[PDB]
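# Descriptive structure summary
Each chain is listed here by its residues.
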Amino acid sequence: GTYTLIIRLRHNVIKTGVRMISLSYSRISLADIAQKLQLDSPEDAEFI
Amino acid sequence: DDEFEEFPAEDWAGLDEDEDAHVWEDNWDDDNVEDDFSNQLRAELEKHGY
Amino acid sequence: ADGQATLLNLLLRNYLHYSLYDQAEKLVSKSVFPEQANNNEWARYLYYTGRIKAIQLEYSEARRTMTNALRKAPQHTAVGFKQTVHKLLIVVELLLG
Amino acid sequence: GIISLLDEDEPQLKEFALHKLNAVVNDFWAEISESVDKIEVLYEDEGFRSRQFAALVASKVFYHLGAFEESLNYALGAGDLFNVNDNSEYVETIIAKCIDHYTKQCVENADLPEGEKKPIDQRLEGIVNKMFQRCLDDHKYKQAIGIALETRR
Amino acid sequence: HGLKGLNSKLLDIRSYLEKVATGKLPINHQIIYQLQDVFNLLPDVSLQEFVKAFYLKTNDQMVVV
Amino acid sequence: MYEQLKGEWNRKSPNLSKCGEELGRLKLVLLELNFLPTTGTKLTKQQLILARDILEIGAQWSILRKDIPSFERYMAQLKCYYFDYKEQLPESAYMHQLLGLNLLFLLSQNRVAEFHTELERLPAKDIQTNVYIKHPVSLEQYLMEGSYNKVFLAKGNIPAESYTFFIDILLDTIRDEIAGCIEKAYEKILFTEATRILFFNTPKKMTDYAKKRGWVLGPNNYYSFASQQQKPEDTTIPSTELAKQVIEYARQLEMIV
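Residues numbered from 1 in each chain as written, not as in the entry; some residues may be left out. Chains lettered and ligands numbered in written order. Part of a larger assembly, values for the part shown. Heavy atoms only, no water.

The deposited coordinates for this entry were obtained by cryo-EM, with a reported resolution of 2.9 Å.

Rendered as structure tokens:
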């Protein structure tokens, strides 16, 4: 009876990754962001 | 004491052979689930042709 | 006092057993709890109140409420519910970050 | 969530729900705790057919919110409708408060009883006496004397 | 107590400066000179690198606490 | 007994004043049958379904009339019918369609507190199944993160119907957010990306959009400057807060509690 709370973690998996990716890199190409975060496309990478 | 039986107690089913029995400063950096280091290096030379 | 502490957990419990979270949060906001809760009923109150805030995006207090329940929970016994309290806390922490 | 139907501006349809709440004002009162104060709004409404049955619900809801001052205020609004069934486990909770409020009012009046005293509500005064007579009709005299002294009457 | 004294001494200066409207003594001159130097000596506005220096020391005292 | 609804209820009404047909019914039910839970009379199951039918049909015309306040009053009633603890049919004909219709509404009103507290009424249909509710929930996650190109993709894929009575509400909750994000200290952005990005090719909406927002008009030059530097770097205001803080340490270190 806890799966309801887990399906909402998808946002956190990106927040943590974006935090570390922005913490370790200084100027990373927008396309490269999608590949490391498995965003599936660069167009939506900008918004998140 | 006043133990709570309403919450089910999950079966232990633990390994009682002292698999690790070690006390360290264990952090979360020890479980990156990477395939050793020799393997990654070993394929590195061949992948780049060197 | 000394009796409504046990009742509050029980009445709280039935709400959790079903998905009746909407009207569960109403009772917590209104009803208060005794200061002398025997240190045993207080363990349950924190857990249930922890999950109620957990589902409603009130994470910040969700983690603190549970961890207080963890330390006030019996150590030697009550092993069954230690797993459940631990499981939700790690999930609540993960959402927090 | 049955109290949901309280805003269609239909005087007869509204009251039908209010009838139902009292029977379910304990099992799931919580939802009607603070998000719905329209009971008082309708209790001031000129629509009539109400202002005494809403007070029954209005005071009952405030019973367990703890604000006995609010519960006492609306409880008298039902007048003869409220405390008619003087045999129950609820009537004693408000009545025990009516005597509580009256005694705290009577004493403050005694300081300046020569005019410019607070206008003690008539409806409350009648309730305590009605309780007072119930003491006499019960023949129990020991309790009767003290409450007279406490009330300063 | 220090704040009480500072206010009283400051109030004493204000009372003398009542001569601006109703002259008592025709501007002592020297008293003004010191007052000008007093203002210049006021600590420099707390917006520059001073603020960082304060935090690096106020917090350093908190560790010991 | 006193259906009153068999006349033309099934057919469509293009904004017809069909509310009148309903009014005479919802009154007569309570005299006819009590729609309160009424745990008593468990075996009598026939009576309610007529009451439920009078109810779930309410949403059909309502949602089409752009009735916000009237809408909520109906969702409160109908849900209880689906939830009754008395024995009834396990699932209606519109089990999931209507429920999500409420859930999607809650997100539209930017009330996520009630959205998550409402999913538990649906045990395991959130993602695995119940195509009716999978889309409304998916909309929540997408909005929670910055992923918006999916939102318009889902905007064209709706499980129940056009649902346009709500998508219009999301427009207010999306464009205002997108503009706010872009408001940071970025550099010039030409009127070519922001114009053909979301759905439109070359409208005048941005011109109005720019007018009510900032984005000073220049030589095809848009600026978004954010300093947030003059306000910081001050301790005088911290001085009063700090003074109170330390005194409390002194207070709770000397005097007996």
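## Regarding a nonpolar patch on the surface
The cut-off we apply is this: Patch members must show over 30% relative accessible area and no salt bridge, and they are joined within 9 Å when carrying like charges or within 5 Å when they are nonpolar side chains of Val, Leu, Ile, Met, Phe, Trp or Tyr. The method behind every accessible area is Shrake-Rupley, applied with a 1.4 Å probe, and residues are considered shielded solely by the protein chains displayed. Whenever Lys or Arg places a side-chain nitrogen within 4 Å of a carboxyl oxygen from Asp or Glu, that contact is recorded as a salt bridge. Only DSSP runs of H or I covering at least 4 residues are called helices, and only runs of E covering at least 2 are called strands; the numbering of each starts at the N terminus.
Among the surface-exposed residues, E:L6, E:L10, E:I13, E:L17 and E:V20 lie close enough to one another that they form a single nonpolar patch of about 440 Å² accessible area. Within the fold, E:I13 resides in helix 1 (residues 2-16).

## Observations concerning the arrangement of the chains
Definition in use: Contacts were defined at the residue level, with two residues in contact if any of their heavy atoms lie within 4.5 Å.
The protein chains that touch form seven pairs of chains, and the pair with the most contacts between them is chains B and C. One finds no contact between chain B and chain F; the C-alpha atoms of the two approach each other to within 21 Å at their closest.

## Brief notes about the interface of chain F and chain E
Accessible area lost upon the coming together of the parts is a frequently used measure of interface size. The criterion, for reference: A simple way to read buried area is as the amount of 1.4 Å-probe accessible surface that goes missing from two parts once joined, with both sides added. Definition of a polar contact: a pair of N or O atoms within 3.5 Å, with one able to donate and the other able to accept a hydrogen when the atoms are protein atoms, and with sequence-neighbouring residues admitted only if both atoms are side-chain atoms.
In this complex, chain F contributes five residues to the contact, which on the side of chain E involves six residues. The contact between chain F and chain E buries some 530 Å² in all, and 63% of this surface belongs to carbon and sulfur atoms. At the junction of chain F and chain E, the tally comes to zero salt bridges. Scanning the region where chain F abuts chain E turns up one residue pair in polar contact.

## Section: a negative patch on the surface
We count it as follows: Charge assignment in this entry is limited to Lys and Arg as positive and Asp and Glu as negative, and neither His nor the chain termini are counted. To locate a charge, take NZ of a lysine, CZ of an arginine, CG of an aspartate or CD of a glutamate.
A cluster of acidic side chains, namely B:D16, B:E17, B:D18, B:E19, B:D20, B:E25, B:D26, B:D29, B:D30 and B:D31, defines a negative patch on the protein surface. Positionally, B:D18 belongs in the segment before helix 1 (38-47).

## Quick notes on the interface of chain C and chain B
The condition is simple: All residues other than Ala, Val, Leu, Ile, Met, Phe, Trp, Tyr, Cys, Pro, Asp, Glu, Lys and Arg, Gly among them, are scored as polar; the first ten of these are nonpolar and the last four charged.
Contacts between the two partners involve 13 residues from chain C, matched on the other side by ten residues from chain B. Buried surface at the junction of chain C and chain B, both sides included, amounts to about 1,100 Å², of which 56% is carbon and sulfur. If you look at where chain C meets chain B, you find two salt bridges. Across the contact surface, chain C and chain B share five residue pairs in polar contact. If you list the elements that add at least two residues to the side of chain C that touches chain B, you get helix 3 (41-55) and helix 5 (79-96) of chain C. Here the side of chain C that touches chain B is built from residues that sort into seven nonpolar, four polar and two charged.

## Description of the packing of helix 1 (residues 19-32) of chain F against helix 2 (residues 46-64) of chain F
Residues and elements named next belong to chain F. We apply this condition: Each axis is a line fitted through C-alpha atoms, and for a helix only the stretch in contact is used; angles between axes span 0 to 180 degrees, taken between their N-to-C directions. Angle categories: roughly parallel below 35 degrees, roughly antiparallel above 145, roughly perpendicular from 65 to 115, and oblique for all the rest. For a crossing to be left-handed, the near helix must be turned anticlockwise from the far one by less than a right angle; the clockwise case is right-handed.
Where helix 1 contacts helix 2, the axes come no closer than 11 Å and their chain directions differ by 155°. Comparing their axes, helix 2 and helix 1 come out roughly antiparallel. Note on packing geometry: the crossing formed by helix 1 with helix 2 is left-handed. Within the contact between the two elements, helix 1 uses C19, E22, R25 and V29 and helix 2 uses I54, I57 and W61. For the contact of helix 1 with helix 2, the per-class residue count stands at five nonpolar, no polar and two charged.

## Section: the environment of A:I33
Residue and element names in this part refer to chain A. If you trace the backbone, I33 turns up in helix 3 (residues 30-37). With 13 residues separating them in the primary sequence, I33 and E46 have C-alpha atoms 9.2 Å apart. Excluding residues within four positions of it along the chain, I33 makes contact with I21, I28 and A45.

## Regarding the nonpolar core
Across soluble globular proteins, nonpolar side chains have a tendency to be buried as a group. Under the convention used in this document: In this description, a nonpolar core means a group of buried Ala, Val, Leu, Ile, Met, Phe, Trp, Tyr and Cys residues linked to one another through side-chain atoms lying within 4.5 Å. Exposure categories follow from relative accessible area, calculated using a 1.4 Å probe and restricted to protein chains: below 20% of the type maximum is buried, above 50% is exposed, and the middle band is partly exposed.
If you look at the biggest cluster of nonpolar residues, it comprises 37 residues, and the most contacted ones within it are A:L5, C:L16 and C:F81. Sorting the residues of this core by element identifies helix 1 (4-17), helix 2 (21-30), helix 3, helix 4 (59-72) and helix 5 of chain C as the ones contributing at least two each. With residues up to four places along the chain from it excluded, the contact list for C:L16 reads C:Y21, C:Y48, C:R51 and C:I52.

## Description of the environment of D:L81
Mapped onto the elements of the fold, D:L81 is located in the loop between helix 4 (68-75) and helix 5 (91-111). For the pair D:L81 and D:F53, spaced 28 residues apart in sequence, the C-alpha separation works out to 7.4 Å.

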